[PDB]
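Trainee: Quick one: this structure, given as structure tokens, is what I'll be asking you about.
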Amino acid sequence: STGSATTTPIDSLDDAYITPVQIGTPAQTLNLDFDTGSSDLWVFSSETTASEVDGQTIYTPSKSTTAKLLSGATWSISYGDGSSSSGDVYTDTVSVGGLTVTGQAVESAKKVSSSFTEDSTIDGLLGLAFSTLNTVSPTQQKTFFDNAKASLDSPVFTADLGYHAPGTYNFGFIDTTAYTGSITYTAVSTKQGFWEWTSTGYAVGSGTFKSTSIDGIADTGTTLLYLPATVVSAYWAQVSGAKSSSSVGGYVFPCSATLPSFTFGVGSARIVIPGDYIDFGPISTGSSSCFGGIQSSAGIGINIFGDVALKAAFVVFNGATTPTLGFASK
């Protein structure tokens, strides 16, 4: 089997991407944030505290003939941005782009934090990291990808995120028309439950490439590119008027400045992030200070190749017995 679904930016900045997912019978279609940095499929639901729902589409398990309470199971998750959610669990039929999993754990939110309530466009998350991070207790549950894996033509999924445009998540096959050149594969460590890999270095604009190992995670659920402070400082030093603002919470730059590209290494290959991808617009409406798309990972505890980086590539998440990551230009 395979599946193929279009993923669409939630706003003009590509702050996140939503992908339609069919849950239950008859289908209830919710727009979920596919997140390769977490491992819970959770949804706004008929059980979510009413005051915490503001415009989202909800899953109503009582209207699904295939929903079954996963008795006794609860879940509770906190994300790197400080957001959180929790609730109980149903199993139900879940389909993504034509690919169907029966008995998928669908984690029904009883509570969500304010960041989720305030984002009307995201009806929940679909985790695509390793199932060892799944938060269901007492019985940890498998991700949609892990459940689908044995049925897939090939045990892979791919992320092809657009810059200010829709893209595609494919399951079970590699679309050879979707990238240029070759796919360079690189080793993954699953020790922390993430798609964790080691970039071979970076370049700023037309500068010389610096060979240096940068361990980080491929995370479709994080907007920006978070790298060590040394790397980030070297980037922003090439932008006229750029500075790190403690009041704003990162690097900002005058909207009049030109942004250089940023290149990251994948083995001997190179992925070039165009300068435009690093522009996240005014810090507040009408401001001449623009927020940067490359920020320091210091104090996160991990480097994160978020959407800014991933959308510059065609990315293969290879879930073979020994997982790997592939990157191609496109």
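Ligands are numbered from 1 in the order shown, chains are lettered A, B, ... in the order of the structure tokens, and residues start at 1 in each chain.
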Write out as a ChimeraX atom specification which residues come within 7 Å of residue 297 of chain A when counting only C-alpha atoms, dropping same-chain ones fewer than 3 positions away.

Mentor: /A:226-229,300-303

Trainee: Store the residues picked out above in a file with N, CA, C and O atoms, as a compact mmCIF listing (two decimals), in the first residue's frame.

Mentor:
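So again_38.txt came out as:
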# COMPACT_ATOMS: atom_id res chain seq x y z
N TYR A 226 17.14 25.71 14.32
CA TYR A 226 17.83 26.03 15.57
C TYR A 226 19.16 25.32 15.59
O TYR A 226 19.22 24.09 15.56
N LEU A 227 20.22 26.11 15.64
CA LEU A 227 21.59 25.61 15.52
C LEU A 227 22.47 26.21 16.61
O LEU A 227 22.07 27.15 17.30
N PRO A 228 23.68 25.67 16.78
CA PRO A 228 24.52 26.21 17.86
C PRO A 228 24.79 27.70 17.71
O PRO A 228 24.83 28.24 16.60
N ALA A 229 24.99 28.37 18.83
CA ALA A 229 25.14 29.82 18.83
C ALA A 229 26.28 30.31 17.95
O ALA A 229 26.19 31.39 17.35
N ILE A 300 17.87 24.90 24.38
CA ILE A 300 16.87 23.89 23.98
C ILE A 300 17.41 22.53 24.34
O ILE A 300 16.64 21.62 24.69
N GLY A 301 18.72 22.37 24.22
CA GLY A 301 19.34 21.09 24.51
C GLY A 301 19.53 20.21 23.30
O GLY A 301 20.09 19.12 23.41
N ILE A 302 19.05 20.66 22.14
CA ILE A 302 19.20 19.89 20.92
C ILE A 302 19.11 20.85 19.74
O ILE A 302 18.41 21.86 19.80
N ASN A 303 19.82 20.55 18.66
CA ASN A 303 19.68 21.32 17.44
C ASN A 303 18.49 20.77 16.68
O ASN A 303 18.22 19.57 16.71

Trainee: Quick one: pull the distance between atom CA of residue 257 of chain A and atom CA of residue 238 of chain A, Å, one decimal.

Mentor: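 Atom-to-atom, atom CA of residue 257 of chain A and atom CA of residue 238 of chain A are spaced 10.1 Å apart.
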
Trainee: Under the rule that only C-alpha atoms are counted, which of A:268, A:247, A:134, A:121 is the nearest residue to residue 184 of chain A?

Mentor: A:268

Trainee: Using only C-alpha atoms, can you tell me which of A:111, A:199, A:241, A:39 comes closest to residue 52 of chain A?

Mentor: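 Under the stated criterion, the closest residue is A:111.
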
Trainee: Figure out the distance between atom CA of residue 223 of chain A and atom CA of residue 187 of chain A, please, to one decimal in Å.

Mentor: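 Between atom CA of residue 187 of chain A and atom CA of residue 223 of chain A the gap is 23.2 Å.
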
Trainee: Might you pull out every residue within 8 Å of residue 242 of chain A, with only C-alpha atoms counted and same-chain residues fewer than 5 positions away left off, and present them as a list in words?

Mentor: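 Returned residues: residues 236, 237, 251, 252, 253 and 254 of chain A.
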
Trainee: Those residues you just picked out, can you put them in a file as a short mmCIF file (atom, residue, chain, number, x, y, z; two decimals), in the first residue's frame with N, CA and C atoms?

Mentor:
data_model
loop_
_atom_site.label_atom_id
_atom_site.label_comp_id
_atom_site.auth_asym_id
_atom_site.auth_seq_id
_atom_site.Cartn_x
_atom_site.Cartn_y
_atom_site.Cartn_z
N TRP A 236 24.22 35.57 11.09
CA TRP A 236 23.63 36.89 11.25
C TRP A 236 24.66 38.01 11.16
N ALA A 237 25.93 37.68 11.38
CA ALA A 237 26.99 38.66 11.18
C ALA A 237 27.08 39.10 9.72
N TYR A 251 17.19 36.52 17.12
CA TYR A 251 17.73 37.40 16.11
C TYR A 251 16.64 38.06 15.28
N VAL A 252 16.80 39.37 15.11
CA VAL A 252 15.95 40.19 14.27
C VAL A 252 16.84 40.94 13.31
N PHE A 253 16.24 41.46 12.25
CA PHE A 253 17.00 42.14 11.22
C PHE A 253 16.10 43.13 10.52
N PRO A 254 16.69 44.21 9.98
CA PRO A 254 15.89 45.20 9.29
C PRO A 254 15.38 44.60 8.04
#

Trainee: For each of A:20, A:26, A:87, A:306, take the minimum atom-to-atom distance to residue 220 of chain A, counting only C-alpha atoms, then give the residue where this is smallest.

Mentor: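 Closest to residue 220 of chain A, using only C-alpha atoms: A:306.
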
Trainee: Smallest atom-to-atom distance to residue 309 of chain A: which of A:296, A:244, A:322, A:263, using only C-alpha atoms?

Mentor: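 Nearest candidate to residue 309 of chain A out of A:296, A:244, A:322, A:263: A:263.
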
Trainee: Tell me, as a list in words, which residues lie within 10 Å of residue 207 of chain A, counting only C-alpha atoms; anything in the same chain fewer than 5 positions away does not count.

Mentor: residues 202, 260, 261, 262 and 263 of chain A
